[PDB]
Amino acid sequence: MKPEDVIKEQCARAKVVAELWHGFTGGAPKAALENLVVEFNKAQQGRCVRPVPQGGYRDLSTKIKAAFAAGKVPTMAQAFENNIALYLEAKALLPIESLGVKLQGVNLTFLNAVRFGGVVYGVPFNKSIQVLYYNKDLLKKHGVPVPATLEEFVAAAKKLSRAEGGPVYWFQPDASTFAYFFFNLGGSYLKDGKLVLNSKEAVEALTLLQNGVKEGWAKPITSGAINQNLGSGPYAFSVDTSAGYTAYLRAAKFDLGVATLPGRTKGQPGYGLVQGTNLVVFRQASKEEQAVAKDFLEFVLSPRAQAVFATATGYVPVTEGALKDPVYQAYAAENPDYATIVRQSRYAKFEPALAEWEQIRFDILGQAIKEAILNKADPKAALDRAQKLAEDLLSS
């Protein structure tokens, strides 16, 4: 009796059913969402949510565009900030505060990100922050302090790779990893309102990674998640989503470290990329489905729902209330990595919220990073190409 079995039964006897389309394909996010929905549905009187997996996040946005085309949309769905921008062009989204959902206490880092022209269009739900995952045992073995600066991080990666005979910093050659180096070398994607992929800081970020590959301290991972490659050769450090925390804990055969990210100086942690999603409510949904979404959105913002969800996953509890819940506190008191994730969430950057950003981050910027890392393309020539494809798509 999988939670999804329970839910299908709950929905089969419900008077009213609001679909929630998501992009959790498995593991702890998928288990945590479904357990939340089972609990919500037991409380309700013939009024249920039905989570519908749509694949990953891009499958989900593709399926949502086909839904507008078909005229069959869900009540709710997961959405990045760029997805929200897109669906607003379509006039598809219900303003949240119209349902009377109370948003005070939601972290302004996340609340600001769902606000378009003053209006909130999303409920921050599963929001993650990059952290530094590390191998405590391997750093102790070579007397390496947890690096607090980008300088110390390069140094440690070179020191440990020399000692162990192989690259100890592991990375996915993607926009998400790029963003960490880009932000903390003083990059910004927007200059005088214009999207710029090929700035000096972008070239310096992509150069740093490619030189790490050439020098033997950076290891590109091209098959599975980082946590799925552990046990193959020496590992000291990744920069990865907090939402992988439970997966790291399960897979690591070594004592797993979580730290705040290396910054430019010791005066502050580096910035982590905010990932994960918001829940949106579609205007096309029935008044009755909307009422279910309003109770569901209130439930998901409750201290207990956030304390259970965040502690099952490593996602960042989106409310001040969740940190004051005793189930959170019990987990935090036993595992310092939960406070570490919250501390890192204070130092948080977003990618641009342009309608076209999902296509750019994957098919243009992501590609130019793969070209440099995996095919030895010159970092500037790869980014100049990206900039030109992005300027051509935005002109379309």
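All residue numbers are counted from 1 along the displayed sequence.
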| query | finding |
| --- | --- |
| Higher-scoring stretch by recorded Cα B factor average, 344 to 352 or 58 to 66 | 58 to 66 |
| Greater mean Cα temperature factor according to the PDB record, 189 to 197 or 240 to 248 | 189 to 197 |
| Top residue by Cα temperature factor, when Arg264, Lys127, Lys324, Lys158 are compared in the entry | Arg264 |
| Residue, from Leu279, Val292, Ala92, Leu273, that the PDB entry assigns the highest Cα B-factor | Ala92 |
| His142, C-alpha B-factor rank within chain (lowest, middle or highest third) | middle |
| Entry-reported Cα temperature factor of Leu99, expressed as the chain third it lands in | highest |
| Third of the chain, ranked by Cα B-factor, where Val73 sits | highest |
| Assigned third (lowest, middle, highest) for the C-alpha B factor of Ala372 | lowest |
| For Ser176, the third of its chain into which the C-alpha B factor falls | lowest |
